[PDB]
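Trainee: experimental structure and sequence below, a few questions after.
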Amino acid sequence: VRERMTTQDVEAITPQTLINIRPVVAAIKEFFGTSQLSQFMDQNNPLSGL
Amino acid sequence: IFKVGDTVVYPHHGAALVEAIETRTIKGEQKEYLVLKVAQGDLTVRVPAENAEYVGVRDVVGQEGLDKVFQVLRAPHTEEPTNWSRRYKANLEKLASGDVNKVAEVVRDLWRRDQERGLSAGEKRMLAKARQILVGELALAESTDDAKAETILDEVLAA
Amino acid sequence: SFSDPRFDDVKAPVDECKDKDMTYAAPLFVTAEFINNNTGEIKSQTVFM
């Protein structure tokens, strides 16, 4: 945003223009997939799930 | 001069409906803001009426501006700088000026050029945005029928 | 300056997502507001986060 806000022209930008949500959605997806904490949920009885 | 229910043109977001005159005082001064929304990105803009013309809010134009930009749209001998990036920067500044005649010049130039050649994706998106805001102003000026304004726009473009 | 997160309904129920291999999602919405300091405007939108 601060790389974009200074560079582009004033009285033409809008919050849709300044905001790139792609790092946010990529960050959540790379947490949920591919982290050592978001585990494949082990269930072969209810107790192992619990 | 701005009142509730008016229709006004805000640069560079085309048409704009005012909603109310916001009496939010701040810094000890009665900042008479006015909540003013567009239809493109659904963004509500509040500008104070003191510097509304300083930011360059502008009322819609009637039949004189209509046939004026029809004449400028019909105006032949459209010339351009030969460098395409100079051309693009020129029409970009003309579009960012927000003047309706400059918008008409830009859309008639880009329509005359891709109507002759078929230009670009960047020039295509340029023409799309400029045609969108000019169609919005012409739907405000003819007070109705954005699709009919589109059709009569494509009619007068062929002349 | 952002403001006010919000959630829609989920895009798909649980068993449908578990069948069709979609992730069980729900869309965010953030009321983002831009202010210009020198002239003074607000730009209140609804950014799909």
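Mentor: Good, I have the coordinates. Numbers count the residues shown, from 1 in each chain, chains lettered A, B, ... in the order given.
Trainee: beyond the helix or strand residue B:46 falls within, next helix or strand please.
Mentor: For residue B:46, the host element (DSSP states H and E) is strand B:44-48. Using DSSP H and E, the helix or strand that follows strand B:44-48 in sequence is helix B:52-55.
Trainee: just the CA coordinates for that following helix, please, in PDB.
Mentor: Extracted in PDB, the C-alpha atoms of helix B:52-55 (Å, rounded to 0.1, in the frame of the first residue of the first chain):
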ATOM      1  CA  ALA B  52     -15.700  21.100  -3.400                       C
ATOM      2  CA  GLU B  53     -14.900  23.100  -6.500                       C
ATOM      3  CA  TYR B  54     -11.200  23.100  -5.400                       C
ATOM      4  CA  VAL B  55     -11.200  19.400  -5.600                       C
END
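Trainee: so what strands line up beside the helix or strand just after it?
Mentor: Going down the chain from helix B:52-55, the next helix or strand is strand B:58-59, by DSSP H and E. Note on strand B:58-59: by DSSP bridges, its sheet partners are strand B:7-9 (antiparallel).
Trainee: burial count for residue 33?
Mentor: Picked chain A for this. 9 (other Cβ atoms under 10 Å in any protein chain shown). Any C-beta I mention is one placed from the backbone N, CA and C, and that applies to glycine too.
Trainee: you looked at the wrong chain, it should be chain B
Mentor: Using other Cβ under 10 Å, the number of residues around residue B:33 comes to 23.
Trainee: relative to residue B:36, how far out is the nearest residue to it once chain neighbours are set aside?
Mentor: Leaving out its chain neighbours, the residue that sits closest to residue B:33 by Cβ to Cβ, 6 or more residues apart in numbering or on different chains is residue B:22, at 3.8 Å. According to Cβ to Cβ, to the nearest Å, residue B:22 and residue B:36 sit 10 Å apart.
Trainee: which bits of chain A sit near chain B?
Mentor: A:9, A:11, A:12, A:14, A:15, A:16 (Cβ under 8 Å from any Cβ of the partner chain).
Trainee: need the contact list for the residue lying closest to the second one once chain neighbours are set aside.
Mentor: Once flanking residues are discounted, residue A:11 sits nearest to residue B:55: 6.5 Å by Cβ to Cβ, 6+ apart. Residues counted as contacts of residue B:55 (Cβ atoms under 8 Å, 6 or more residues apart in numbering or on different chains) are A:11, B:47, C:39, C:41.
Trainee: which parts of chain A are helices?
Mentor: For chain A, the helices defined by DSSP state H occupy A:2-7, A:15-18, A:22-32, A:46-49.
Trainee: before we move on, which element is residue B:130 in?
Mentor: Using DSSP H and E, residue B:130 sits within helix B:121-141.
Trainee: thought residue B:54 was touching residue C:40?
Mentor: No: Residue B:54 sits out of contact with residue C:40 when judged by Cβ atoms under 8 Å, with a separation of 9.8 Å.
Trainee: residue at max distance from the center of the chain?
Mentor: You didn't say which chain, so I picked chain A. Note on chain A: the largest C-alpha distance from the chain mean falls to residue A:45, namely 32.4 Å (Cα atoms, centre = their mean).
Trainee: can you look at chain B instead?
Mentor: residue B:28 (35.1 Å).
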